[PDB]
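Colleague: Let me give you the structure first, and then I'll get to my questions.
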Amino acid sequence: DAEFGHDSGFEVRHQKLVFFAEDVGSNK
């Protein structure tokens, strides 16, 4: 469940989230 993977989503935030979610997160 929570133990979803360690391998998985490699750069913790899958990389593309720390990128994209933070891109669209124009917020601050």
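Residue names in the structure tokens use chain letters A, B, ... in the order shown, residue numbers from 1 in each chain, and ligand numbers from 1 in the order shown.
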Would you mind writing down, as a ChimeraX atom specification, each residue of chain A that DSSP on the backbone assigns to helix (DSSP H, G or I)?
Modeller: /A:16-24
